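Encoded as structure tokens, the structure appears first; notes follow it.
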Protein chains: 2
Amino acid sequence: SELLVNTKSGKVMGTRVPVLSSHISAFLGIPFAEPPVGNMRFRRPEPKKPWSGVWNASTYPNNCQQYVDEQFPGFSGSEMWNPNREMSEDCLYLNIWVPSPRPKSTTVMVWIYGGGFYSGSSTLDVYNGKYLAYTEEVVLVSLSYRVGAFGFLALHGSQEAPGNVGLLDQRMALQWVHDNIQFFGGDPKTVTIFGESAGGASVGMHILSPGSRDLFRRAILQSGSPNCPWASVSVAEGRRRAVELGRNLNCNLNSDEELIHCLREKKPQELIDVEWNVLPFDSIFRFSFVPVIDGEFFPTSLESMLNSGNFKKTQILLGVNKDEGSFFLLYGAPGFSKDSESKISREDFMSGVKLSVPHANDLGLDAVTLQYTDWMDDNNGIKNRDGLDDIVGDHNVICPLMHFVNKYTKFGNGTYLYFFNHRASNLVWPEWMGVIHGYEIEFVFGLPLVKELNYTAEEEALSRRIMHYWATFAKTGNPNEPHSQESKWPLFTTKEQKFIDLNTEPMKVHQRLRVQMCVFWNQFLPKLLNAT
Amino acid sequence: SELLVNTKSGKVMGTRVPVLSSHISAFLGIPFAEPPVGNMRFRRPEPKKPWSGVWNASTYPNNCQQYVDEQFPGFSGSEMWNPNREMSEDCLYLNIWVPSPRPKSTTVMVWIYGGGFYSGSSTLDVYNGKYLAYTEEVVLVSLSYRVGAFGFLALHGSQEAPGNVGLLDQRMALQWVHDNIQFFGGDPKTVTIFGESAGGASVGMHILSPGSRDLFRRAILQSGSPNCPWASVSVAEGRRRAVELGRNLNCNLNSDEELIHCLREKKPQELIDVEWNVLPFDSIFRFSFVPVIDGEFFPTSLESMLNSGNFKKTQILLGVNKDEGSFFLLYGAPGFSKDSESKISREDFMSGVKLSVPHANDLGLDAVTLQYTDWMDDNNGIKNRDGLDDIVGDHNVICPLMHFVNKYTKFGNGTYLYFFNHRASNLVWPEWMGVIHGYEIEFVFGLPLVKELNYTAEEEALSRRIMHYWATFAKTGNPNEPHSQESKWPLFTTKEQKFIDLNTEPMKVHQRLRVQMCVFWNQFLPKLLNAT
Ligand SMILES: O/N=C/c1nc(CCCCCN2CCOCC2)ccc1O
Ligand SMILES: O/N=C/c1nc(CCCCCN2CCOCC2)ccc1O
Ligand SMILES: *[C@@H]1O[C@H](CO)[C@@H](O)[C@H](O)[C@H]1NC(C)=O
Ligand SMILES: *[C@@H]1O[C@H](CO)[C@@H](O)[C@H](O)[C@H]1NC(C)=O
Ligand SMILES: *[C@@H]1O[C@H](CO)[C@@H](O)[C@H](O)[C@H]1NC(C)=O
Ligand SMILES: *[C@@H]1O[C@H](CO)[C@@H](O)[C@H](O)[C@H]1NC(C)=O
């Protein structure tokens, strides 16, 4: 049967799902690890013991335990990102969409969800792999991984809570795809990993980690890169936050053993209730438990790895959105509101700068403020709002990504860079937020092909274009069809630094994406902070 | 007789000079001090002993001893600024142009020449007062003062070489005008002092100095202000340079008495031969012997005087030119040449930055470089050339002046601000130098009214406009004619910060002159340097 697949771990039974007036096979909730529950909380994942019988893979699995966004109850803009399945520590599963009839050996794409390493679900409507698998005839995988303290609590030196175990969750799913996707018609030698935000940083982290490089062919990173200021902490900061967490829960803090045992006795929501209290600064775009620079998953610092070429050399496709910052200002900066234009007073602007660069001294705040203030019109509330927007996105997403892309292209085998700046016509968020963090995903997964979702015909064309860029890149290492008459997406090179816009207008090619601000964020400001 | 005038110091006999197919009276080379020669070198000026008989005031006096520009022999662009009279330490004289017939009690304007406190002459063709005196019916005075070491060698604590004596030369000329201009038909209660560059800084310094405030009514500063980074040094730096000077001349350095006596034995050219060797940095737009913050002429620091309102409160007219920096880059920065377009390589740009901010550390140089580099086009040699031009003018002229004008307007009684950006049609300097430091003077003194000098009719109109703005301001404290139908020059206020362009086009009003760069030069960079 087409819905029955024999794997090295056992048989699985999928389900036939409709898609665009056709059908494909879906294998939902396949386990790839032992449930990381009980005494295994905070530990590295173990591989799933093979099973007898037929595993029912007809339904979506549980989502991992996470903080849940209640800032706008009933509002689809925020709740479409919340878990849409019961939460459970028993959450290490993956999902596969397979073209029908079953392919023999086809291109594989593995989706890694974002969410600041504190949240995320493989089961969201916007991650439904059936449109991409059907349209582009790829085998689409989405994995899952522990977030929050459950995935990233780091007590370096301990083997019970070493840190990075959510990254190892991802790697074990990658190992499982490598070992088993051939049975689903996937080609294990042509696996592209792709992800957005924390998932894009994750993709970059598997590019860097020697233990991960061999498990995939090429990589796509959307609005995230491994060197992002929020994506990792040192071993000392990870230890400090773990101890502060136990301090929030009245834990014996005498030893790692005491602390871990206390934290393992707590119910999941107890950890989530206090998770945000361990941040060291009054900040935005900073998350409590994230990957740790441990000398094991990451052999040395990220910057020295990037400088020495210590990373997998292959092709990469990556990009950013126009207004990456607006989401985080909405949720955490004074003066921003969902239902107003959020014109920003000068006081509020200064408050925003401080939340945005929480590690900066007062001279650093001044440097940032000078760089982003039109002093001919300092009380322009729209310029203050857009200026804060740019600060948050430049510092947290665009300029770290530009630093990564420039270090990587020196040693890599091909780079394609995009600037996604289409505001969707059916967007439920306010105008001022612009082209929001995460809102290219629905185009990458082909949601505008579904008529009931109220996109324009031009947006369907843009989605089909992006889906084909991405799958063609996954298949060949080049998003362009050979001998095609459509406009070509030029390679990004050290010399020319070309990129394209992604929108409903005819493709335009630019160079040196936001280079003025990224020189400030990547060269000048770190020098200023290190000297003062 | 109209050419004979009885003053408190004695009688003087002027000469009738032609001007624009008419005639006026000129009284040239009137002494206002004792010759500061011999044992008086470096000392405060003494007042001139009154004389018997009639002083022959028919000819221009000697110019003070100064370094002479030989960088372009025979080239009128540079030599029109050189002394055009024999040099002598016997040089403390002033010149008066008087309308004919002699007025009874008219507006007086006193010109103070520029030249970095190391050079300058009252006798230059471009300072000929006859056009302004004739056209606007003012009594035009030009004074002189010691420059170089002769005017500004500073051994604080010594009464033989206290410093600032060139400023006291200026003040004694002002005292003489106050005491005697009534006899020439001048009104001593309506004296405007005006000057360019070091002379504009000089004007600002008499505004600040309590010993000078009472000797004039109002003030005009052109491309110079008292707080300029080159216009003054501390008492310790003045002492260091004085000692280094004696070290260059094999002087006994055991005591101030030893040092001063040695320096007084030297011929003037011996001092001039080594004057440039005492600068502490590899710099441009820095001069060896300048005013010193002595606690006497200047009671406290300039910044605290400006903050507390400790200065004469009156009306001021001031402005800058578009390309103040190009002169100094031509003479001292690598890659700039009189006869090429001076397109500037990146290496040369970096060299220029270091010469321009010689007191900056490497982080400060980076801040400057970032502020003035278009990183989308970093190898644009024209952008590097114009960028260096702007750095030099912003840092040395425009932004210090903007700092002065903003501090002053808080306490003053009326400010008028101009941006002079007309390139003269007969300019002999290359195109790349633009609207050069000092090249508004010829318009202020009415040279375009002389047909043989090859200006356009529009330039004659601009000169007449500027002459009338200036004389009307000198007469009333407002450059605008009351109940006039011509376009009005708005007051500069703390709130609106309006200024005008001065060129051959219809007047345009702008606000916040070069405010973006001046926030960098006046707020951020000093903070950066003081913290690092
Ligand atoms: O990948 N997306 C993650 C993402 N994260 C945010 C930050 C929301 C964090 C809210 C934290 N608060 C802190 C105080 O306690 C309650 C929760 C905002 C937009 C985003 O897209
Ligand atoms: O007020 N004008 C003064 C002014 N000053 C300069 C600087 C020229 C200084 C040349 C100094 N050098 C230094 C080395 O020895 C020879 C002389 C350039 C343009 C100007 O307008
Ligand atoms: C698999 O699970 C679904 C939902 O729980 C159920 O409808 C279906 O019959 C199951 N298939 C089996 C048990 O073979
Ligand atoms: C990738 O590597 C191959 C050799 O393995 C080389 O021929 C090709 O030019 C490389 N492409 C890029 C874009 O570096
Ligand atoms: C004044 O000096 C000039 C030039 O030296 C001379 O021509 C003139 O006759 C003199 N007048 C006198 C001495 O009365
Ligand atoms: C100048 O001072 C007078 C009072 O002496 C005042 O009435 C006038 O408004 C002032 N002008 C300005 C521009 O401050």
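Chain identifiers are assigned as A, B, and so on, following the order in which chains appear in the structure tokens; residues are numbered from 1 within each chain, and ligands are numbered from 1 in order of appearance.
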Residue 413 of chain A surroundings by only C-alpha atoms, 7 Å radius, close-in-sequence under 2 positions cut, as number ranges by chain
A: 313-315, 411
With 8 Å as the limit and counting only C-alpha atoms, what residues in chain A lie close to chain B? Please list them as a ChimeraX atom specification.
/A:363,366-367,370,374-376,512,515-516,519-520,524,527-528,531-532
Can you pull out every residue with an atom within 10 Å of ligand 3? Use only C-alpha atoms and all ligand atoms and format it as number ranges by chain.
A: 13-15, 54-60
Test item: residues at most 9 Å from residue 194 of chain B, only C-alpha atoms, excluding those fewer than 4 positions along its chain, as a list in words
residues 109, 110, 111, 112, 113, 199, 200, 202, 203, 218, 219, 220, 221 and 222 of chain B
When the cut-off is 7 Å and you count only C-alpha atoms and all ligand atoms, which residues lie near ligand 1, shown as a VMD selection string?
chain A and resid 114 to 116 197 to 198 276 285 327 to 328 331 to 332 437 to 438
Select, from B:167, B:388, B:207, B:272, the residue with the minimum atom-to-atom distance to residue 68 of chain B, counting only C-alpha atoms.
B:272
So which residues touch residue 464 of chain B within 9 Å, counting only C-alpha atoms, skipping near sequence neighbours fewer than 3 positions away, as number ranges by chain?
B: 135, 443-444, 446, 448-449, 459-461, 467-469
Keeping only N, CA and C atoms, write the selected residues as a PDB file, in the first residue's frame.
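File produced: again-v8.pdb:
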```pdb
ATOM      1  N   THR B 135      30.079 103.120  -0.995  1.00  0.00           N
ATOM      2  CA  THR B 135      28.747 102.645  -1.373  1.00  0.00           C
ATOM      3  C   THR B 135      27.751 102.779  -0.230  1.00  0.00           C
ATOM      4  N   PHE B 443      33.242  89.741  -1.957  1.00  0.00           N
ATOM      5  CA  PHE B 443      31.880  90.239  -2.084  1.00  0.00           C
ATOM      6  C   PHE B 443      31.535  91.196  -0.950  1.00  0.00           C
ATOM      7  N   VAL B 444      32.023  90.915   0.260  1.00  0.00           N
ATOM      8  CA  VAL B 444      31.745  91.784   1.394  1.00  0.00           C
ATOM      9  C   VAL B 444      32.376  93.152   1.181  1.00  0.00           C
ATOM     10  N   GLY B 446      32.968  94.458  -1.848  1.00  0.00           N
ATOM     11  CA  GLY B 446      32.501  95.099  -3.067  1.00  0.00           C
ATOM     12  C   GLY B 446      33.416  95.031  -4.274  1.00  0.00           C
ATOM     13  N   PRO B 448      33.280  92.969  -6.850  1.00  0.00           N
ATOM     14  CA  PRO B 448      32.543  92.825  -8.118  1.00  0.00           C
ATOM     15  C   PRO B 448      31.972  94.125  -8.670  1.00  0.00           C
ATOM     16  N   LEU B 449      32.011  95.229  -7.922  1.00  0.00           N
ATOM     17  CA  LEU B 449      31.612  96.506  -8.494  1.00  0.00           C
ATOM     18  C   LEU B 449      32.666  97.073  -9.441  1.00  0.00           C
ATOM     19  N   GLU B 459      26.896  88.931 -10.137  1.00  0.00           N
ATOM     20  CA  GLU B 459      27.803  88.962  -8.997  1.00  0.00           C
ATOM     21  C   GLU B 459      27.933  90.366  -8.423  1.00  0.00           C
ATOM     22  N   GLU B 460      27.852  91.396  -9.269  1.00  0.00           N
ATOM     23  CA  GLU B 460      27.802  92.753  -8.741  1.00  0.00           C
ATOM     24  C   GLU B 460      26.547  92.955  -7.908  1.00  0.00           C
ATOM     25  N   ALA B 461      25.409  92.450  -8.387  1.00  0.00           N
ATOM     26  CA  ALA B 461      24.176  92.563  -7.610  1.00  0.00           C
ATOM     27  C   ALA B 461      24.296  91.845  -6.272  1.00  0.00           C
ATOM     28  N   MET B 467      26.879  93.906   0.779  1.00  0.00           N
ATOM     29  CA  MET B 467      27.390  95.126   1.395  1.00  0.00           C
ATOM     30  C   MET B 467      26.280  95.857   2.144  1.00  0.00           C
ATOM     31  N   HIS B 468      25.075  95.867   1.573  1.00  0.00           N
ATOM     32  CA  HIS B 468      23.980  96.590   2.202  1.00  0.00           C
ATOM     33  C   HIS B 468      23.411  95.819   3.388  1.00  0.00           C
ATOM     34  N   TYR B 469      23.322  94.486   3.295  1.00  0.00           N
ATOM     35  CA  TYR B 469      22.980  93.684   4.469  1.00  0.00           C
ATOM     36  C   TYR B 469      23.889  94.035   5.633  1.00  0.00           C
TER      37      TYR B 469
END
```
Within 6 Å of residue 344 of chain B, counting only C-alpha atoms, which residues show up once you throw out same-chain ones fewer than 2 positions away? Write them as a PDB file with N, CA, C and O atoms, in the first residue's frame, please.
```pdb
ATOM      1  N   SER B 342      41.844  65.997  -8.101  1.00  0.00           N
ATOM      2  CA  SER B 342      42.129  65.527  -6.749  1.00  0.00           C
ATOM      3  C   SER B 342      41.132  64.452  -6.308  1.00  0.00           C
ATOM      4  O   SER B 342      40.585  64.481  -5.203  1.00  0.00           O
ATOM      5  N   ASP B 348      44.467  57.479   0.823  1.00  0.00           N
ATOM      6  CA  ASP B 348      44.525  58.914   0.932  1.00  0.00           C
ATOM      7  C   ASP B 348      43.371  59.458   1.785  1.00  0.00           C
ATOM      8  O   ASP B 348      43.575  60.309   2.578  1.00  0.00           O
ATOM      9  N   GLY B 381      36.216  58.317  -5.895  1.00  0.00           N
ATOM     10  CA  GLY B 381      37.243  59.295  -5.572  1.00  0.00           C
ATOM     11  C   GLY B 381      36.707  60.700  -5.388  1.00  0.00           C
ATOM     12  O   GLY B 381      37.302  61.500  -4.661  1.00  0.00           O
ATOM     13  N   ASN B 384      35.118  60.605  -1.901  1.00  0.00           N
ATOM     14  CA  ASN B 384      36.183  60.702  -0.907  1.00  0.00           C
ATOM     15  C   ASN B 384      36.747  62.119  -0.826  1.00  0.00           C
ATOM     16  O   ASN B 384      37.072  62.605   0.264  1.00  0.00           O
ATOM     17  N   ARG B 385      36.887  62.788  -1.968  1.00  0.00           N
ATOM     18  CA  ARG B 385      37.407  64.149  -1.962  1.00  0.00           C
ATOM     19  C   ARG B 385      36.419  65.093  -1.271  1.00  0.00           C
ATOM     20  O   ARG B 385      36.767  65.760  -0.288  1.00  0.00           O
TER      21      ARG B 385
END
```
Contacts of residue 432 of chain B within 9 Å, only C-alpha atoms, excl. fewer than 3 positions in-chain, as JSON, numbers by chain:
{"B": [326, 340, 341, 342, 382, 385, 386, 429]}
Excluding residue 244 of chain B and residues on its chain fewer than 4 positions from it, collect all residues at most 12 Å away from it, counting only C-alpha atoms, and give them as a PyMOL selection string.
chain B and resi 149+153-155+237-240+248-253+259+263+271+274-280+288-289
Could you tell me, counting only C-alpha atoms and all ligand atoms, which protein and nucleic acid residues lie no more than 12 Å from ligand 6, written as a PyMOL selection string?
chain B and resi 313-316+408-416+476-478+490-494
Once you have the residues from the selection above, write them out as a PDB file, in the first residue's frame, restricted to N, CA, C and O atoms.
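Written file, result34.pdb:
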```pdb
ATOM      1  N   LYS B 313      26.087  90.895  25.349  1.00  0.00           N
ATOM      2  CA  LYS B 313      24.787  90.594  24.768  1.00  0.00           C
ATOM      3  C   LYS B 313      24.383  91.723  23.826  1.00  0.00           C
ATOM      4  O   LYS B 313      24.208  92.867  24.253  1.00  0.00           O
ATOM      5  N   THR B 314      24.248  91.392  22.549  1.00  0.00           N
ATOM      6  CA  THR B 314      24.017  92.352  21.481  1.00  0.00           C
ATOM      7  C   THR B 314      23.531  91.560  20.266  1.00  0.00           C
ATOM      8  O   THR B 314      23.090  90.414  20.408  1.00  0.00           O
ATOM      9  N   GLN B 315      23.569  92.169  19.086  1.00  0.00           N
ATOM     10  CA  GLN B 315      23.183  91.474  17.872  1.00  0.00           C
ATOM     11  C   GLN B 315      24.438  90.986  17.153  1.00  0.00           C
ATOM     12  O   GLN B 315      25.498  91.612  17.241  1.00  0.00           O
ATOM     13  N   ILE B 316      24.325  89.852  16.461  1.00  0.00           N
ATOM     14  CA  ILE B 316      25.447  89.296  15.715  1.00  0.00           C
ATOM     15  C   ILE B 316      24.951  88.836  14.354  1.00  0.00           C
ATOM     16  O   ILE B 316      23.837  88.314  14.226  1.00  0.00           O
ATOM     17  N   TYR B 408      24.868  81.354  21.897  1.00  0.00           N
ATOM     18  CA  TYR B 408      24.791  82.799  21.990  1.00  0.00           C
ATOM     19  C   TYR B 408      23.349  83.268  21.906  1.00  0.00           C
ATOM     20  O   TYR B 408      22.934  84.157  22.656  1.00  0.00           O
ATOM     21  N   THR B 409      22.576  82.678  20.996  1.00  0.00           N
ATOM     22  CA  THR B 409      21.209  83.124  20.769  1.00  0.00           C
ATOM     23  C   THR B 409      20.355  82.999  22.024  1.00  0.00           C
ATOM     24  O   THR B 409      19.413  83.775  22.209  1.00  0.00           O
ATOM     25  N   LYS B 410      20.703  82.080  22.922  1.00  0.00           N
ATOM     26  CA  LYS B 410      19.969  81.958  24.175  1.00  0.00           C
ATOM     27  C   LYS B 410      19.997  83.260  24.974  1.00  0.00           C
ATOM     28  O   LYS B 410      19.003  83.630  25.604  1.00  0.00           O
ATOM     29  N   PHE B 411      21.124  83.973  24.968  1.00  0.00           N
ATOM     30  CA  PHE B 411      21.248  85.190  25.758  1.00  0.00           C
ATOM     31  C   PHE B 411      21.289  86.461  24.930  1.00  0.00           C
ATOM     32  O   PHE B 411      21.156  87.551  25.500  1.00  0.00           O
ATOM     33  N   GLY B 412      21.482  86.363  23.620  1.00  0.00           N
ATOM     34  CA  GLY B 412      21.718  87.545  22.819  1.00  0.00           C
ATOM     35  C   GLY B 412      20.448  88.311  22.513  1.00  0.00           C
ATOM     36  O   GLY B 412      19.349  87.971  22.951  1.00  0.00           O
ATOM     37  N   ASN B 413      20.611  89.360  21.705  1.00  0.00           N
ATOM     38  CA  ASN B 413      19.522  90.263  21.352  1.00  0.00           C
ATOM     39  C   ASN B 413      19.217  90.240  19.858  1.00  0.00           C
ATOM     40  O   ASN B 413      18.551  91.147  19.349  1.00  0.00           O
ATOM     41  N   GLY B 414      19.679  89.213  19.142  1.00  0.00           N
ATOM     42  CA  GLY B 414      19.351  89.080  17.735  1.00  0.00           C
ATOM     43  C   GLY B 414      20.457  88.449  16.913  1.00  0.00           C
ATOM     44  O   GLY B 414      21.588  88.944  16.911  1.00  0.00           O
ATOM     45  N   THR B 415      20.142  87.360  16.210  1.00  0.00           N
ATOM     46  CA  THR B 415      21.115  86.612  15.420  1.00  0.00           C
ATOM     47  C   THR B 415      20.656  86.507  13.971  1.00  0.00           C
ATOM     48  O   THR B 415      19.493  86.178  13.708  1.00  0.00           O
ATOM     49  N   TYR B 416      21.568  86.766  13.035  1.00  0.00           N
ATOM     50  CA  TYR B 416      21.321  86.527  11.615  1.00  0.00           C
ATOM     51  C   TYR B 416      22.402  85.600  11.063  1.00  0.00           C
ATOM     52  O   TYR B 416      23.596  85.874  11.225  1.00  0.00           O
ATOM     53  N   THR B 476      21.877  99.319  12.336  1.00  0.00           N
ATOM     54  CA  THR B 476      20.650  99.128  13.094  1.00  0.00           C
ATOM     55  C   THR B 476      20.566  97.843  13.903  1.00  0.00           C
ATOM     56  O   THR B 476      19.687  97.747  14.762  1.00  0.00           O
ATOM     57  N   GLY B 477      21.417  96.849  13.651  1.00  0.00           N
ATOM     58  CA  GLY B 477      21.252  95.561  14.297  1.00  0.00           C
ATOM     59  C   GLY B 477      20.321  94.620  13.572  1.00  0.00           C
ATOM     60  O   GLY B 477      19.924  93.597  14.140  1.00  0.00           O
ATOM     61  N   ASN B 478      19.963  94.934  12.339  1.00  0.00           N
ATOM     62  CA  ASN B 478      19.055  94.166  11.501  1.00  0.00           C
ATOM     63  C   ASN B 478      19.523  94.384  10.065  1.00  0.00           C
ATOM     64  O   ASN B 478      19.633  95.541   9.629  1.00  0.00           O
ATOM     65  N   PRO B 490      15.319  86.284   7.770  1.00  0.00           N
ATOM     66  CA  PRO B 490      14.690  86.065   9.075  1.00  0.00           C
ATOM     67  C   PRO B 490      15.704  85.970  10.202  1.00  0.00           C
ATOM     68  O   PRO B 490      16.838  85.515  10.023  1.00  0.00           O
ATOM     69  N   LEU B 491      15.270  86.406  11.379  1.00  0.00           N
ATOM     70  CA  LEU B 491      16.047  86.220  12.597  1.00  0.00           C
ATOM     71  C   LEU B 491      16.292  84.730  12.853  1.00  0.00           C
ATOM     72  O   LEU B 491      15.439  83.882  12.570  1.00  0.00           O
ATOM     73  N   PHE B 492      17.472  84.407  13.375  1.00  0.00           N
ATOM     74  CA  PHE B 492      17.770  83.051  13.822  1.00  0.00           C
ATOM     75  C   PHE B 492      17.283  82.915  15.260  1.00  0.00           C
ATOM     76  O   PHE B 492      17.717  83.673  16.130  1.00  0.00           O
ATOM     77  N   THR B 493      16.406  81.947  15.520  1.00  0.00           N
ATOM     78  CA  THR B 493      15.906  81.732  16.871  1.00  0.00           C
ATOM     79  C   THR B 493      16.224  80.323  17.352  1.00  0.00           C
ATOM     80  O   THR B 493      16.431  79.400  16.560  1.00  0.00           O
ATOM     81  N   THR B 494      16.245  80.174  18.680  1.00  0.00           N
ATOM     82  CA  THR B 494      16.459  78.863  19.282  1.00  0.00           C
ATOM     83  C   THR B 494      15.463  77.843  18.752  1.00  0.00           C
ATOM     84  O   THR B 494      15.824  76.690  18.481  1.00  0.00           O
TER      85      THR B 494
END
```
Test item, strand (DSSP E) assignment across segment 66-304 of chain B, answer as a ChimeraX atom specification
/B:93-98,106-112,139-142,186-196,218-222
Written file, previous selection with C-alpha atoms, as a PDB file, in the first residue's frame:
```pdb
ATOM      1  CA  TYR B  93      48.788 100.664  12.523  1.00  0.00           C
ATOM      2  CA  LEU B  94      45.208 101.121  11.367  1.00  0.00           C
ATOM      3  CA  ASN B  95      43.565 102.501   8.217  1.00  0.00           C
ATOM      4  CA  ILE B  96      40.349 104.543   7.863  1.00  0.00           C
ATOM      5  CA  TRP B  97      38.211 105.183   4.785  1.00  0.00           C
ATOM      6  CA  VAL B  98      35.914 108.191   5.227  1.00  0.00           C
ATOM      7  CA  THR B 106      28.071 107.778  11.084  1.00  0.00           C
ATOM      8  CA  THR B 107      28.134 104.025  11.437  1.00  0.00           C
ATOM      9  CA  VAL B 108      31.625 102.565  11.889  1.00  0.00           C
ATOM     10  CA  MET B 109      32.845  99.114  10.791  1.00  0.00           C
ATOM     11  CA  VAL B 110      36.215  97.774  11.979  1.00  0.00           C
ATOM     12  CA  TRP B 111      37.761  94.927   9.945  1.00  0.00           C
ATOM     13  CA  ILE B 112      39.941  92.310  11.660  1.00  0.00           C
ATOM     14  CA  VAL B 139      33.459 104.883   8.165  1.00  0.00           C
ATOM     15  CA  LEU B 140      35.506 101.746   7.439  1.00  0.00           C
ATOM     16  CA  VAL B 141      38.439 100.884   9.729  1.00  0.00           C
ATOM     17  CA  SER B 142      40.924  98.051   9.323  1.00  0.00           C
ATOM     18  CA  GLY B 186      32.437 108.137  12.941  1.00  0.00           C
ATOM     19  CA  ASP B 187      29.941 107.489  15.700  1.00  0.00           C
ATOM     20  CA  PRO B 188      31.790 105.677  18.533  1.00  0.00           C
ATOM     21  CA  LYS B 189      28.507 104.319  19.902  1.00  0.00           C
ATOM     22  CA  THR B 190      27.715 102.435  16.660  1.00  0.00           C
ATOM     23  CA  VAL B 191      30.916 100.445  15.978  1.00  0.00           C
ATOM     24  CA  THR B 192      30.582  97.010  14.372  1.00  0.00           C
ATOM     25  CA  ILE B 193      33.617  94.740  14.486  1.00  0.00           C
ATOM     26  CA  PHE B 194      33.830  92.162  11.703  1.00  0.00           C
ATOM     27  CA  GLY B 195      36.414  89.630  10.603  1.00  0.00           C
ATOM     28  CA  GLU B 196      36.915  86.387   8.788  1.00  0.00           C
ATOM     29  CA  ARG B 218      27.725  94.716  17.538  1.00  0.00           C
ATOM     30  CA  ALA B 219      29.611  92.008  15.716  1.00  0.00           C
ATOM     31  CA  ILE B 220      29.938  90.079  12.445  1.00  0.00           C
ATOM     32  CA  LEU B 221      31.839  86.778  12.254  1.00  0.00           C
ATOM     33  CA  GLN B 222      32.676  85.203   8.883  1.00  0.00           C
TER      34      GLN B 222
END
```
Would you please give, as a PyMOL selection string, all residues of segment 235-478 of chain A that DSSP assigns to alpha helix (DSSP H) based on the backbone?
chain A and resi 235-248+256-265+268-274+302-307+326-332+346-356+362-372+381-393+399-411+441-444+457-476
